[PDB]
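Just the one chain here, the form deposited in one PDB entry, laid out as structure tokens.
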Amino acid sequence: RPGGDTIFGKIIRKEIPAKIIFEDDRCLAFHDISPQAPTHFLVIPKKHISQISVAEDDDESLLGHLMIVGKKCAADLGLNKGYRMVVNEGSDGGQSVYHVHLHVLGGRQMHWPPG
């Protein structure tokens, strides 16, 4: 399936509600349903990359696009003091959905270590 056969694929296809911050032809930014900071959103590709460890070399621009979109969305949402960007891979990464997604968290002090 297209956008893939995860819940994020459902969100991409508008089959399920999410709180959308930004969209383009490549990617989708939306507020995380289980926020871990006063602001917490995801930026996800429209193309179904299951996990960063299977991303291809020619996905490079796409992956950077998620970070560029993430930073623009953070600024638009008033995260002047900063934020943290997180991509989780696999079991040890605490990856929760098998669709690549870039977390963006702020509106509070993020701590170290990052989990």
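Sequential numbering from 1, following the sequence displayed.
The discussion below concerns the form solved in complex with a small molecule, not included here.
Taking a 4.5 Å heavy atom cutoff to the small molecule in the deposited bound form, the contact residue among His65, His31, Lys47, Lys72 is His31. Heavy atoms of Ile21 never reach within 4.5 Å of the small molecule in the deposited bound form, leaving it off the interface. Contact check for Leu42: a heavy atom falls within 4.5 Å of the small molecule in the deposited bound form.
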